[PDB]
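Peer 1: What shape does this take:
(chains A, B, C, D, E, F, G, H and I)
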Amino acid sequence: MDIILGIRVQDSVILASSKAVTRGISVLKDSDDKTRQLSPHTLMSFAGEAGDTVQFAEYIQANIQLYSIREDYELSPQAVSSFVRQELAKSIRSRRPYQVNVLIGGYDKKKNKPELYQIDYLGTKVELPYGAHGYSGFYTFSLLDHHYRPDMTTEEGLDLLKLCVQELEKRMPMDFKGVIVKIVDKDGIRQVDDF
Amino acid sequence: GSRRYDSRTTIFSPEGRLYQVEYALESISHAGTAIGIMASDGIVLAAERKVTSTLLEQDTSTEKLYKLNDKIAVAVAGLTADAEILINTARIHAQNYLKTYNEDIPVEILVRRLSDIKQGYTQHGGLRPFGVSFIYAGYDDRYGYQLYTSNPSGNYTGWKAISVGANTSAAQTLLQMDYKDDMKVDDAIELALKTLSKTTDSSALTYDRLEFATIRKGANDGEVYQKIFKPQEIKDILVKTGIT
Amino acid sequence: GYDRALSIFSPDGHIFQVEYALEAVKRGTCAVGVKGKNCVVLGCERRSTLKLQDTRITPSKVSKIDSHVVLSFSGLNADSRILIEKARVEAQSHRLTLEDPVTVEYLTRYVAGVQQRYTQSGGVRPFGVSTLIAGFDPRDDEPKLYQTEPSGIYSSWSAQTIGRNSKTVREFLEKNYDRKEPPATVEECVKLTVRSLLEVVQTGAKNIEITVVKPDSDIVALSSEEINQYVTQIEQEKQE
Amino acid sequence: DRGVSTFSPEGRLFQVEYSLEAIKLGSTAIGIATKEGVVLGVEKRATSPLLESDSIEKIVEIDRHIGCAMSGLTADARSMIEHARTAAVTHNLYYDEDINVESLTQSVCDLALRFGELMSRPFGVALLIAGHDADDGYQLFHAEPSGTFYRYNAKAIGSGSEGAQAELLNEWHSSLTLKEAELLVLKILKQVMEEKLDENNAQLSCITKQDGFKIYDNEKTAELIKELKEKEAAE
Amino acid sequence: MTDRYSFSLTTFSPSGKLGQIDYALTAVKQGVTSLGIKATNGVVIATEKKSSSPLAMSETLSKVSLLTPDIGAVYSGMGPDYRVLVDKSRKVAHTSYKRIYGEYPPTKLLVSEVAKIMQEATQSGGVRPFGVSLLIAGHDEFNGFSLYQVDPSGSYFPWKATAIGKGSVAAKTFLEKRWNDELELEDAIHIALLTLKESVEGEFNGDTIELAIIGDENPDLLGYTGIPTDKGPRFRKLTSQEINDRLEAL
Amino acid sequence: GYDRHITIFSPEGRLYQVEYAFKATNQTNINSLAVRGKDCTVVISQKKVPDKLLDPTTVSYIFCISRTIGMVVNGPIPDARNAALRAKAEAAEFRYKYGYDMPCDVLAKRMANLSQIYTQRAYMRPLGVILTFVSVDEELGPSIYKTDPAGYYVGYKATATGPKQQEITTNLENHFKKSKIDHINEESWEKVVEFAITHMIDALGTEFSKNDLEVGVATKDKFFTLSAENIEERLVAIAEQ
Amino acid sequence: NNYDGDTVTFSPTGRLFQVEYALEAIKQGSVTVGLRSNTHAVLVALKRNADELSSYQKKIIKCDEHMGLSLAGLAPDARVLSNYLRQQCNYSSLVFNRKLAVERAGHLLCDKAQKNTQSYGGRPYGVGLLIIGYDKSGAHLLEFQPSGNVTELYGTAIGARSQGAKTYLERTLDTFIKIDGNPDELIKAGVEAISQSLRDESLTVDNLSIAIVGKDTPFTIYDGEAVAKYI
Amino acid sequence: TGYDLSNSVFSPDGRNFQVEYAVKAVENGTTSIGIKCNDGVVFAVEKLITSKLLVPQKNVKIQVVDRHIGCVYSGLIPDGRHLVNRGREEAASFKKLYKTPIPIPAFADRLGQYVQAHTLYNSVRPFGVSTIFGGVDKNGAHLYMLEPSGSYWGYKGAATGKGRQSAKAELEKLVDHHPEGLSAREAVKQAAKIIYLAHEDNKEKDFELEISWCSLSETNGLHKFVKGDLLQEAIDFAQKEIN
Amino acid sequence: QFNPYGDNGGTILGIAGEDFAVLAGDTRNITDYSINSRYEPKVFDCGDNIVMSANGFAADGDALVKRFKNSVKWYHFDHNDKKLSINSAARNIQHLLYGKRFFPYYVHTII
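Peer 2: Numbers count the residues shown, from 1 in each chain, chains lettered A, B, ... in the order given. This is the structure:
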């Protein structure tokens, strides 16, 4: 229903997230940004149960920002992903679990490498060249298996992503009202306005 | 009631000092001297054992130098029993950080939390403070080699070379004299032993009254090694520098 | 739980534990805050009985609470970490619920409230710390400087100092700071802060720290050489 | 030492009596009640000239119909004000009305004796609580750390209180206008203050039925100070 | 009726001494002499059974106690304090080790847990320190034989041989002359009996002396057979008769 | 000198509150004695009823803890009854938890451990009592185990407690030197009670009527106290020899 | 002396000094009188001001429709104890549909005061109370002291110079006890009783406080112009 | 010294001075007595008439526990009430679990253990009362007296308060002159006499007599107050003996 | 399984005039097809010229009226015998009802 995709290329991580918020038989909003900046070089997209998604995202954001101020230092994408995994892994055996799936795209400044982590609501973490949550993966994974190369540029990554959105717009049942695309690289996080 | 028997461990004097903290520091000044020296390619930890008996088992003994994780060690000056309470807390804290972030804990973060625990015993709870001063020697990929000290007040500071316990005033003057920034580990080993040899309250410094440890990048390809010296290795390093 | 009332009234109406906490502040290294027309500068003394220090890793005297607010202090160093931590957590909690960073007045009011609570709670002693809290409110260019103390009172200052020999540096600032015309630039403001510390500091190579806060989260700490240029310039004008 | 809740041989609580000495060291606060309103005034008393006096907040709003002035250890008053505001708003939530001034004061005074071996010591601050309600009209209360409160036609608290109270005994009558009361607070503050009274080191406020609780501007108080000086010279 | 002693009863004095720990050590000094000697193939711990009355049955009062099948303990100082420490030490060997790892703790770690318990009596609210020093002898697969002393502060030290209590100063000097690194277990038992005769005044026989060893595994003491990997306790308490046999060739 | 008011160490390594609790033990001015036969364990204690208005049947320092265990106390009655109620509860709980009757020596250890806690923990005072537990244990046979305010305990061949304890102790020591054995070599408990009273008479140097004594007897599977007439029957037998 | 640091300590003669010091706070309080007939019970109280600008401290508190008290001593302690009485009267009504007997009201106050005299940390209540009521056994008057001691009486007085009114009522006993079915006369007797405790001051309109409960009268308080009748 | 400043502290004698100080508070109180009889117990107490203004018969001091036990005490009256409130809770929980009403010896140890507990800690004060109590159970009549230390015994007769020695002497005569036993109705009359005789030690203020009784035959094993004709008869018997 | 609710029937009616108001209710009380009482009133004078009825499950209705009557009593104690206005009573009753939001009083209340 909620589409969140991620592609790691040579020098950057690209996250695409659907703009629709639907409740019942009404599309309430068509410009929703399903993402939070955790740190200058780390971005988290999210999808799942209503309310839970934003509450979890903002809670993680607050904790990473608190860490940043305390140590005057940015946590690595690997470190942030492990923190997020553990919070979800705690949550799954709570009285009421967070039903939220996330992708974490980051640029590690110490390694000079982009990194993409896929984490589900159970706390199942994997590092991937490309990732998706929900029904989107049933189309995009096979498509990317074919067209993806590890040495692609950011522009090549965006064209590869256009191919995924086109496929989802052709074969998905629901109108998801397009995507907001964001790039994470050595210079930080920026939004592509014309997609 | 019980008010009668309360020492009030967490109050100020009229001068604005914490009685119990000051008296704990007085306790620590009688404990065996421990020295830390930070070189460009490693760190030395050297400590003097506090009175020996010929019948003390020297090889299977640990009094001064404790391992916190693979990258961080501590030298102790004060009550050993108090130090072991704090060491186990620090060992757990390091593993919590590793479990959470999948990265070894930065040295300062571990030091700050141990120092925050000590601070708590001086502000609330009506208990006596921990009669312990630590020298922390460790490595992380942010700041590289680091030396810190903490004391019963819960105040901590970073050093190039430092001593705790007995005769710190004399020891610090001697370190301040012969220390320079481009120093190597093997030179620092020699400085640490020479300083203890001059400040010791014993007649002569021998292998059986010392604990010694280095933190080098001596293992190949950027991998950090902790070497807690065996008795025979201290005997050899004492001969090699010409103290015995 | 340890319940003892440690902070209590005496026959003359004083709370001695709060007053003895002020003596701990008086023992601490000097800290000064001066606000200009478009900035606030925080200056701090560092005692020079400690050579062989590692200044890379030693705790800095001025702490960032958020990207737009800073906190310096005088008194017990270990006590100050507890106040800084609580302030940093409240800063993030405010952003989370109000969707706006703290004002400097609000952050100060919180820190002062924590200090007050430790003067009428059982089992605890007061904080042996006074703070200078400086910064700029979100989307605002008016400089803010506040002071707190162990009792829990707080107030706003055009310029203020705390710590050992603070009465000497307050004397200096009282005649050298004009309310009509605050230091028009960063340069003028930093220089007045360095001058005021130079009355007490004994020299000022590694003994003086300066941190400049400008609007919209623009905070930078000066290096030794940068501060040493102010020290060199002030002494040459003095010989007159 | 000795218990925090101990009685003296004369039948008074040591800690309560000692907190009253702390309040005598505090800065002066005066309140006067009329049929046209209640006026509250305080001495700011800045410890140094560099301190920005407008940040000294010793007169405080509780609700639209209730205001409050303080004297003593003013840091202690924050949680009392916080409680008063919550009590006032909570009562409006539960009963869809304004809370009586007396009922507010009683709620604040319930905190006072909640100390012992609850908080560790009594409050070291006295409060003047002024307000209006439909039943009893314009009211002024003096709330102490003993847990007692008295209604007053006029009252002074702080370092200049016994001298100011004797002056209020002569000057108060049941036909005072609001303007007459404003000048009277300024007059009596100028008498008991150490430094010379002006708009920067003193602050006025009032509560009226029509406009509610208002702290006066420095510009408005300055004109009342000028009006007062002219009237004393005029006979 | 509630416990109002939530504050420390052991505090630092202006000189840096912890009074109650020093005074606890004074109580240990008054206590009866006990010792421990480490051999190449075993460890011996010994003490005098000071009888309170001749009508008392000193067999019912055990000064030397089994903690695990391979670890034993003896003390000097206050007997009641020792008894509760043995109860707590036996339990902690199970709760914080055997119930987790399925095997008994090594000597150094059990010692470490006892030390912790004694340290907490030095800092917690409303308690005095324990008025005892312990000598703990034991064996484990990876460390071999070992002997430890634990003091009222919670400090512990490993020893080749030592003594604590009444005549410890003389007994330590005696052990320095006789101890070498080639001592067999029987030689260490002989030296233990010689050292103890100096500090004992009255009767010196198997009924007034309490002595135990940590040595070879005792399959006969196991209580069952069939599992080759189950071995039997290395801890054994010497009988009254076994002591008197060695006192003839003394 | 607050080190004499609570249970913390004095400069010479002593606990004065524990020592002063030992002095409270003799506050009643009563002497007790315990001996073992082949089949039984007998305990005797003096009974002093000074007030004429007292109901003499309610004045007792011997307690039936369980069916098999009896306990005599030397010390004030409030602390005695405090100890007795706890021992009864502990012995009952042991049986429920572990499926067999609490042994005399295990109950002694347990009560001694409780006493040790009061010497270490500040808020609790020691009980000013010495507890002598007696039974015929199904494993160990006739048993006497004794607890004090220090938390010390040990088994006894025989024992005595009270102001004139040393006289009774040496009297018993001298008998066991002579007899060369650990117990009273006697078949019936009646004659072991007669031995106990006889040797108490010799050590204390006083004669006893039926109301001056109190007797408890432990046999296999029961502990019981004797009535005034049971003691009178026993006093007559001694007098006619 | 050495035995007055807290309520948990007995003196060598068996006295509780903290309780005696609490008793002393009552003696400093303003005078209040209680008296009754067979049909009605009346409280009269002299109120005290801080100065001429202040109000007069209210002495009388209503507990139920059939019960209430007057206070002398620490007024906040009277508020705590009256609030407890209000709850106990209320519990009796809600659970048992039963008006709380004035005797049980006394027993409950005794036991609440007692607990504060046997535990460390607490302090005794610093106030004395005169409780009046009309229940199923007619009119009642009680005297509460913070030692715990509660006493049923025909008449009494507590506070400064209470001995004057207490002597008067002791003389007037045979007269006022038979003022049945006449409220105004029973009040007149109480107002004359409190007048025997006055020195230099007389009973004015904002000084006097009267309360009455009885057979066909709920507990009601009179202040201001409603007491001008009795001066 | 300082051994007497804190409860539960042993002095060098082995005494708890705070308990001994509580005994002084008991000795200061009014006289109360207990007489054991053939098939029951009788309780009586002296009530000092401080003023004409005290309502006669309306400040009742003897208290009932359960339906079969009576309690009277001398010393701090509030402390006595606290002890009875506990006694009522103890008797209620016994009846709840075991069905049968609490036996008197069982009840005696419940109070005893509770009072003894207030000598174990410095955070509580000992009880400032000696309590005389008793009743009728399955094994017949029992009378007890309990002291601040927690000490209690069974009694043929008991007395405490300012006139305890006078009352004790008078009680000892009854025990000697009636070895077979005293009847319930006789013991009521004797109780009146003894209170009137013990009043000689408190004779400034005149007093009011209050009596109660439990008897297997006379009150059917339940606690009742003596009132009206039986009370006035007992008062007249006492008045005749003082003159 | 135990059902904590029941239906006691009956009906109530409130009308307001210019200077008056009426609150009427029938006096019948029922369960299923049986009559419990022909005269069991469920309209009550609560003091301060407020009349109240809580119709539905009678146990919950009686409990609510009982709590509101008690609320009026304590309003007098805490606020110097002030008259509880009808608008203030209404708001107070909302809080009584919503306080049991997750185990409700099964009543239609009218004042």
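Peer 1: Is residue B:85 part of a helix or strand, or is it coil?
Peer 2: For residue B:85, the secondary structure call by DSSP: H, G, I helix; E, B strand; the rest coil comes out as helix.
Peer 1: Return the residues in contact with it.
Peer 2: Each residue near residue B:85 by CB atoms under 8 Å, 6 or more residues apart in numbering or on different chains is listed here: B:130, E:116, E:119. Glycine gets a C-beta too; all of them are placed from N, C-alpha and C.
Peer 1: would CSV of these with neighbour count, distance to chain D and secondary structure be doable?
Peer 2: Formatted as CSV, the contacts of residue B:85 follow (neighbours: other CB atoms under 10 Å in any protein chain shown; distance: CB to the nearest CB, whole Å; DSSP: H, G, I helix; E, B strand; the rest coil):
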residue, neighbour count, distance to chain D, secondary structure
B:130, 25, 26, coil
E:116, 16, 32, helix
E:119, 23, 29, helix
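Peer 1: which residues in the chain form strands?
Peer 2: With no chain named, the answer covers chain A. In chain A, the segments counted as strands under DSSP state E are A:4-8, A:13-18, A:21-23, A:26-29, A:35-39, A:42-48, A:100-108, A:113-119, A:125-127, A:130-133, A:179-185, A:188-192.
Peer 1: if you could check chain I rather than the one you did, that'd help
Peer 2: Going by DSSP E, chain I shows strands at I:12-16, I:21-25, I:29-31, I:34-37, I:44-45, I:51-56, I:107-110.
Peer 1: other SSEs contacting the shortest one?
Peer 2: This means strand I:44-45. Packing partners of strand I:44-45 (3 or more CB pairs under 8 Å, 6 or more residues apart in numbering or on different chains; DSSP states H and E): strand I:51-56.
Peer 1: anything in stretch B:141-159 near chain C?
Peer 2: Yes - interface with chain C: stretch B:141-159 contributes B:143, B:146, B:147, B:148, B:153, B:154, B:155, B:156, B:157, B:158, B:159 (CB under 8 Å from any CB of the partner chain).
Peer 1: which of the residues you listed count as buried?
Peer 2: Buried members of the residues of stretch B:141-159 next to chain C, scored by 16 or more other CB atoms under 10 Å in any protein chain shown, are B:146, B:147, B:148, B:153, B:154, B:155, B:156, B:157, B:158, B:159.
Peer 1: The last one bridge partners, please.
Peer 2: Counting by DSSP bridges, residue B:159 forms beta bridges with residue B:147, residue C:53.
Peer 1: That one contacts residue B:137, doesn't it?
Peer 2: No - with contact defined as CB atoms under 8 Å, residue B:159 does not count as touching residue B:137 (10.1 Å).
Peer 1: which residues are common contacts for the two?
Peer 2: Common neighbours of residue B:159 and residue B:137 (CB under 8 Å, 6+ apart) are B:36, B:38, B:147.
Peer 1: before we move on, back to that, so which of the buried ones among the residues of stretch B:141-159 next to chain C comes closest to residue C:193?
Peer 2: Distance ranking of those against residue C:193, using CB to CB, places residue B:157 first at 24.7 Å.
Peer 1: so how far is residue A:13 from residue A:115?
Peer 2: With distances taken as CB to CB, to the nearest Å, residue A:115 is found 7 Å from residue A:13.
Peer 1: joint contacts of those two?
Peer 2: Here residue A:115 and residue A:13 have A:105, A:106, A:107 as joint contacts, going by CB under 8 Å, 6+ apart.
Peer 1: Reformat the residues you listed into a markdown table and put neighbour count and distance to residue C:26 next to each item.
Peer 2: Converted to a markdown table, the shared contacts of residue A:115 and residue A:13 look like this (neighbours: other CB atoms under 10 Å in any protein chain shown; distance: CB to CB, whole Å):
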| residue | neighbour count | distance to residue C:26 |
| --- | --- | --- |
| A:105 | 28 | 52 |
| A:106 | 29 | 48 |
| A:107 | 25 | 49 |
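Peer 1: List just the nearest of these to chain D.
Peer 2: Nearest to chain D, judged by CB to the nearest CB, of the shared contacts of residue A:115 and residue A:13 is residue A:106 at 42.4 Å.
Peer 1: Which residues are in contact with that closest one?
Peer 2: A:13, A:41-43, A:76-77, A:80-81, A:114-117, A:184.
Peer 1: can you check residue E:92 too?
Peer 2: E:110, E:113, E:114, E:117.
Peer 1: what are the phi and psi values for the nearest residue to residue F:17 once chain neighbours are set aside?
Peer 2: Nearest in space to residue F:17, with sequence neighbours left out and distances taken as CB to CB, 6 or more residues apart in numbering or on different chains, is residue F:7 at 5.0 Å. Phi and psi for residue F:7, reported as degrees, to the nearest 10, are phi -90, psi 70.
Peer 1: Neighbours of residue F:7, how many?
Peer 2: 24 (other CB atoms under 10 Å in any protein chain shown).
Peer 1: just the contacts of residue A:106 now: which is nearest residue F:39?
Peer 2: The closest of the contacts of residue A:106, once distances to residue F:39 are taken by CB to CB, is residue A:81, at 78.5 Å.
Peer 1: The closest one touches residue A:125, doesn't it?
Peer 2: Yes - counting by CB under 8 Å, residue A:81 does reach residue A:125; the two are 6.2 Å apart.
Peer 1: Name the nearest residue to residue E:142, ignoring sequence neighbours.
Peer 2: Spatial nearest neighbour of residue E:142, excluding adjacent residues (CB to CB, 6+ apart): residue E:106 at 6.9 Å.
Peer 1: In contact with the one you found, which residues?
Peer 2: For residue E:106, the contacting residues are E:138, E:140, E:142, E:143, by CB under 8 Å, 6+ apart.
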